[PDB]
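Visitor: My questions all concern the structure below.
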Amino acid sequence: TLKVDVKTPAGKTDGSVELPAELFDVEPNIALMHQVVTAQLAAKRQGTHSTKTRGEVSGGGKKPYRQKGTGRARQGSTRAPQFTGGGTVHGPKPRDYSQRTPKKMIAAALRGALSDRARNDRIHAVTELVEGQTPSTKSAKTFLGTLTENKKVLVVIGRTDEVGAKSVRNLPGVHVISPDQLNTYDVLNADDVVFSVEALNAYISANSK
Amino acid sequence: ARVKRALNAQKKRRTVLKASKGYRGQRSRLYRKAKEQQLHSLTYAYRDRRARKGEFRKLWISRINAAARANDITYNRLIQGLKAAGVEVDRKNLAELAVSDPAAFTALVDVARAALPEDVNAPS
Amino acid sequence: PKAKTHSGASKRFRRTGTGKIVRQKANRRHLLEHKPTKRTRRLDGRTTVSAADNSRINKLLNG
Amino acid sequence: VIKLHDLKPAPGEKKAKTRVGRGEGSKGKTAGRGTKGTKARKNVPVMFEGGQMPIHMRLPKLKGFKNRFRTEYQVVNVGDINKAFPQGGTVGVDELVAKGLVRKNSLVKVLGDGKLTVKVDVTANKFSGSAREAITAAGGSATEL
RNA sequence: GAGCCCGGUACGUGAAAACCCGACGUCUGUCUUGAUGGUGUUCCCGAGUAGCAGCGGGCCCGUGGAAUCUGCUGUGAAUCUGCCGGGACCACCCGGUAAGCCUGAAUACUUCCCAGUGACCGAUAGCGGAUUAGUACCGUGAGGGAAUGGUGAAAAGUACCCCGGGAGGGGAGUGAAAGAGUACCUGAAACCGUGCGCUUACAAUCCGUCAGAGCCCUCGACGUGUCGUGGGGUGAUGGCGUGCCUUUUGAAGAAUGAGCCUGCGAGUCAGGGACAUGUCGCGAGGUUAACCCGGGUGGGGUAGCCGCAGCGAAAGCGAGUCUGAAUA
RNA sequence: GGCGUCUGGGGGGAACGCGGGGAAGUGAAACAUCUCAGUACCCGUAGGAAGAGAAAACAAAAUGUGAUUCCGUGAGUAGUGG
């Protein structure tokens with residue numbers, strides 16, 4: 001059981017969250033986390049690579065000269081692989097790279113990852129990043145300076161709280177996310193993780209039932 | 001994805017053709033011709049490494065035998081005598097003696113003369 | 001696509017509980033006028049497949 | 001702390017592909033096909049045996065038919081009853097589906113393999129006389145449908 | 001190698017006219033003279049059709065016991081106790097009411113257009129076509145069908161002089177560099193030559209290798225030149241020694257293939273496919289498909305499949321079952 | 001039939017569709033039935049989508065479903081087959 005203190009931009013604390021024990025005391029399985037991130041990246045990767053084999057190229061559909069009497073070798077098309085202009089043989093093709101990793105392996109990855117960060121005290125919470133309804137990236141940057149010094153960081157802000165997203169978007173390191181599409185690559189690439197409290201509550205009362 | 005092959009070949013070409021500076025003709029310019037000769041060459045080197053032992057030993061023996069025969073003893077009985085006398089010197093060094101210091105070699109000859117059997121063709 | 005099955009190997013080959021392969025036996029249909037009954041009697045029943053053809057038959061049955 | 005350059009699959013998981021026909025040190029000039037013949041140029045089927053009438057053409061066919069209107073039942077044995085009903089009591093198709101002893105669209109049957117000392121008011125479609133008697137001995141209700 | 005130079009992005013703006021969406025009011029119809037139920041019998045309920053026979057097509061179905069759907073000929077019925085189907089057929093029950101007609105949405109596709117993405121190529125690749133490209137050239141004709149990208153930051157593209165008929169070059173200049181001169185980024189090898197050192201015209205050489213005289217270069221310890229735990233180029237002379245690959249019982253082979261260089265050129269992909277085996281999660285349970293929501297790789301989705309009991313042709317029975325008169 | 005007037009159609013298109021016609025090399029280690037494939041190709045007509053479409057249907061005595069089409073499964077199964 002790990003406790004977190006919410007934090008405010010104006011220089012105060014509101015309250016404390018008492019995180020679960022089973023989500024955030026999982027022991028990581030490095031092979032599991034490896035497999036899953038590899039799958040994510042593979043499904044990201046698009047298969048725009050195609051080549052024209054011997055049967056799609058232009059021409060070649062006439063035996064260019066005799067079989068015998070000539071002196072030279074035997075040839076059946078002017079577009080075969082050994083020519084210069086000829087067909088690719090076993091080329092790239094447009095294909096899919098997704099692979100079907102299961103729900104339990106995925107979630108085990110995510111819980112183990114959040115545990116790896118929590119044990120090392122890199123999960124910070126916060127009510128908000130901003131004052132009312134006017135984005136200003138200088139605010140959020142100063143607040144993250146208060147709360148953090150590392151290069152890179154993750155931010156979990158919901159959908160409705162658009163101002164925090166619009167604010168912190170432009171920063172160099174930051175990589176913002178909604179907790180409905182919470183994943184593993186984006187967690188592990190970071191060093192610190194900033195949850196909103198609404199986000200934590202949603203995550204927890206969505207998983208726990 | 002497409003991988004031009006240039007470097008990955010140039011490497012071994014450079015190697016071989018460095019190792020064939022001295023060959024005479026198309027064995028000194030062209031990879032497909034120097035590769036073959038490198039096969040034959042390394043092989044002949046191997047074989048000669050195994051056989052220069054016998055070459056030198058042959059040489060040493062000829063020297064020893066001529067030295068002895070000018071001191072009026074045969075090689076075979078010389079080595080019989082040194083074996084009997086438990087003398088340990090090998091043939092490389094007997095030859096070196098023959099070249100440099102024939103006196104010491106004549107002394108060894110005399111030792112063997114002394115230590116040989118009396119009746120060399122006896123039935124013993 | 002899928003791996004299609006072999007009709008004959010499905011109609012002349014089954015599998016038991018523990019994975020054995022089973023067949024029937026030969027020279028039973030016709031010309032019984034002269035075949036003694038003991039010869040007609042060891043040909044009844046089923047019989048476990050040989051070793052040598054088990055693999056071939058697996059490959060035919062499954063795909 | 002973990003990063004992405006700190007992930008590594010388990011030992012022995014990944015394995016080096018055989019790239020065949022790229023060297024006379026590993027597999028060269030034949031690629032494990034040997035030399036000339038039908039298994040070198042192309043390949044060969046599985047259901048061809050030289051020319052002699054194959055096993056799947058010289059053995060008799062199995063006898064009979066199927067009766068397409070067969071009713072396969074899905075069984076439960078009393079062992080699993082005793083192993084997942086300590087308190088005993090009423091046991092229907094859904095009570096069984098709960099513990100995960102049969103399928104969802106099941107048409108059920110009851111059979112007396114294992115021991116029976118618990119008391120159970122079992123409901124199924126059809127039974128066996130061994131279950132009739134075993135329930136009779138453990139004092140229960142074998143009220144079939 | 002530009003967040004703060006430029007172009008532009010986040011963001012907000014903008015349309016006289018035309019075009020498309022609905023929105024309306026016109027305009028057009030349309031029911032309003034009406035309906036709910038009652039009650040006993042005649043009439044109608046899509047005709048050269050449905051059906052049957054003969055040749056045929058396609059349906060899981062190759063004429064088979066072969067329904068349903070159908071094409072051509074020939075024959076050819078009734079209207080509700082009517083008719084067609086429920087895998088020949090017959091009786092009962094069930095469902096439905098043919099031979100008249102229209103019907104959106106989910107679905108498939110991109111000549112063209114607009115905006116972007118890429119663990120796609122980067123001038124022998126990529127569209128055949130980065131260069132006049134379906135051109136030149138070939139063929140009578142249908143039809144085939146090529147090759148050629150790069151100066152440099154900006155042409156400041158060598159004014160002027162000398163040799164020469166001119167090309168071309170040497171100086172003088174530009175330029176950061178002309179080992180950037182409109183034959184121009186770099187600028188390999190084959191190939192073509194010029195110099196310097198050794199060696200070679202009494203010798204029989206798969207052209208090398210092991211020993212090695214002699215000469216020439218070099219590093220270092222020293223001493224008027226000198227050996228060395230040396231190293232490198234040539235190398236007289238001696239010994240040993242029958243090209244490479246493929247295919248062959250067996251090839252140096254007078255069996256095939258290769259003129260040489262450089263670049264290009266052959267176990268690949270799909271698929272909850274099959275079998276075997278490593279690894280990871282779960283564990284008597286395991287897992288989802290299509291799809292829906294998602295700026296993303298995430299959440300859901302129980303229809304399904306594999307296991308959990310089999311024997312038997314089958315009925316069927318069940319830790320037993322099949323055969324059999326039999327616990328034999 | 002002839003004369004006058006009025007409105008239509010006529011051909012091109014990269015794929016996609018519906019109706020009709022309609023092969024062969026291949027596989028079967030030969031081959032004709034079969035398969036390749038009702039694919040390629042040819043024809044006639046379209047549309048921005050098409051065609052089908054309102055039960056003379058399924059089903060099995062469950063008191064069931066309720067136009068059609070396209071996707072997943074059933075299923076490489078029941079079966080068919082020199």
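Visitor: Report yes if D:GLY129 is surrounded by 15 or more Cβ atoms within 10 Å (Cβ to Cβ) and among the small types (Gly, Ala, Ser), otherwise no.
Guide: When the stated conditions are applied, D:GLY129 does not pass them.
Visitor: Consider D:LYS27 carefully, then state whether it is away from every other protein chain (no Cβ under 13 Å) and more than 8 Å from RNA strand E (Cβ to nearest atom).
Guide: Yes: the conditions hold for D:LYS27.
Visitor: Could you please give the count of residues in the range C:16-34 that are surrounded by fewer than 13 Cβ atoms within 10 Å (Cβ to Cβ) and at negative phi?
Guide: The first filter runs over the range C:16-34 and keeps only residues surrounded by fewer than 13 Cβ atoms within 10 Å (Cβ to Cβ), leaving C:16-20, C:26-27, C:29-34.
Narrowing the set further to residues that are at negative phi leaves C:16-18, C:20, C:26, C:29-30, C:32-34.
The qualifying residues number 10.
Visitor: Now a separate question. Within the range A:114-137, is even one residue part of a strand (DSSP E or B), hydroxyl-bearing (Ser, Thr, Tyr) and either over 30 Å from A:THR13 (Cβ atoms) or more than 14 Å from chain D (Cβ to nearest Cβ) (or both)?
Guide: Scanning the range A:114-137 turns up no residue that is part of a strand (DSSP E or B), hydroxyl-bearing (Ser, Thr, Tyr) and either over 30 Å from A:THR13 (Cβ atoms) or more than 14 Å from chain D (Cβ to nearest Cβ) (or both).
Visitor: Then there's this: If you go through the range A:179-189 one residue at a time, how many are in contact (Cβ under 8 Å) with a residue 40 or more places away in the chain and either assigned to a helix (DSSP H, G or I) or over 12 Å from A:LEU110 (Cβ atoms) (or both)?
Guide: 3
Condition check ((1) out of contact with any helix residue (DSSP H, G or I) (no Cβ under 6 Å at 6 or more places or on another chain); (2) away from chain D (no Cβ under 11 Å)) across all residues:
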residue	(1), (2)
C:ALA9	no, no
C:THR16	yes, yes
C:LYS20	yes, yes
C:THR37	yes, yes
C:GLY45	yes, yes
C:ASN58	yes, no
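Visitor: Taking only the range D:36-78 into account, find how many residues are in contact with a strand residue (DSSP E or B) (Cβ under 9 Å, 6 or more places away or on another chain) and within 13 Å of another protein chain (Cβ to nearest Cβ).
Guide: At the first step, the residues of the range D:36-78 found to be in contact with a strand residue (DSSP E or B) (Cβ under 9 Å, 6 or more places away or on another chain) are D:55, D:59-60, D:62, D:73-78.
Filter again for within 13 Å of another protein chain (Cβ to nearest Cβ), leaving D:55, D:59-60, D:62.
Looking only at that region, the number is 4.
Visitor: All but one of (1) assigned to a loop (DSSP other than H, G, I, E, B); (2) away from every other protein chain (no Cβ under 13 Å); (3) within 30 Å of A:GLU162 (Cα to Cα) hold for A:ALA108; which doesn't?
Guide: Among (1) assigned to a loop (DSSP other than H, G, I, E, B); (2) away from every other protein chain (no Cβ under 13 Å); (3) within 30 Å of A:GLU162 (Cα to Cα), A:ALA108 violates only (1).
Visitor: Here is a further query. Give me the residue from the range D:113-126 that is of a type outside the set (D, E, K, R) and surrounded by fewer than 19 Cβ atoms within 10 Å (Cβ to Cβ) and, out of that set, farthest from RNA strand F (Cβ to nearest atom).
Guide: Here the answer is D:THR117.
Visitor: For the range B:1-99, which fully contained helices (runs of 4 or more DSSP H) count at least 2 residues that are more than 8 Å from RNA strand E (Cβ to nearest atom), closer than 30 Å to B:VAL111 by Cβ and within 27 Å of the chain's Cα centre (by Cα)?
Guide: Result: B:31-70, B:75-84.
Visitor: Could I ask something else about it? What pairs come out if I take residues in the range B:1-26 that are under 21 Å from B:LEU39 (Cβ atoms) and pair them with residues that are of a type in the set (A, V, I, L, M, F, W, C) whose C-beta lies under 6 Å away, six or more apart or interchain?
Guide: Pairs found: B:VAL16/B:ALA34; B:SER20/B:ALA34.
Visitor: Which condition breaks for D:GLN52 when tested against (1) more than 9 Å from RNA strand E (Cβ to nearest atom); (2) surrounded by 11 or more Cβ atoms within 10 Å (Cβ to Cβ); (3) not hydroxyl-bearing (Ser, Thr, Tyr)?
Guide: (2)
Visitor: I need the full set of residues from the range A:58-98 which are within 14 Å of chain B (Cβ to nearest Cβ) and either exposed (fewer than 13 other Cβ atoms within 10 Å of the Cβ) or within 16 Å of RNA strand F (Cβ to nearest atom) (or both), in order please.
Guide: Scanning the range A:58-98 gives A:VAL89, A:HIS90, A:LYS93, A:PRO94, A:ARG95, A:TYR97.
Visitor: Right, here's the next one. So if I check each of A:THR142, A:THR148, A:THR160, which one is closer than 18 Å to A:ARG117 by Cβ, more than 8 Å from RNA strand E (Cβ to nearest atom) and over 18 Å from the mean Cα position of the chain (by Cα)? Walk me through how you get there before you give the answer.
Guide: On the way: A:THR142 fails: closer than 18 Å to A:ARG117 by Cβ; A:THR160 fails: closer than 18 Å to A:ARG117 by Cβ.
None of the other options fit; the residue is A:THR148.
Visitor: Here's another thing I want to ask about it. Given the residues A:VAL176, A:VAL163, A:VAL155, A:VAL193, which is the only one that is in contact with a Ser or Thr (Cβ under 8 Å, 6 or more places away or on another chain), outside any loop (DSSP other than H, G, I, E, B) and within 19 Å of A:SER139 (Cα to Cα)?
Guide: Exactly one residue qualifies, and that residue is A:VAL163.
Visitor: Name the residue that is farthest from D:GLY64 (Cα to Cα), counting only residues in the range C:47-56 that are away from RNA strand F (no atom under 16 Å from the Cβ) and within 12 Å of chain D (Cβ to nearest Cβ).
Guide: Only one residue tops the list, namely C:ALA52.
Visitor: Right, here's the next one. Taking the range A:176-188 only, how many residues are within 13 Å of chain D (Cβ to nearest Cβ) and farther than 22 Å from A:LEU2 by Cβ?
Guide: Residues meeting the conditions: 1.
Visitor: Let me ask another. Scan A:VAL26, A:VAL6 and give me the residue that is more than 14 Å from every other protein chain (Cβ to nearest Cβ) and more than 16 Å from RNA strand F (Cβ to nearest atom).
Guide: On the way: A:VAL26 fails: more than 14 Å from every other protein chain (Cβ to nearest Cβ).
Criteria check complete, one pass: A:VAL6.
Visitor: Looking only at the range A:17-27, decide whether some residue is assigned to a helix (DSSP H, G or I) and touching a residue at least 40 places away in the same chain (Cβ under 8 Å).
Guide: No.
Note that each Cβ is placed from the backbone with ideal geometry, even for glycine, and that neighbours are counted across all protein chains shown. Rule-based calculations on the coordinates, nothing more; no lab input.
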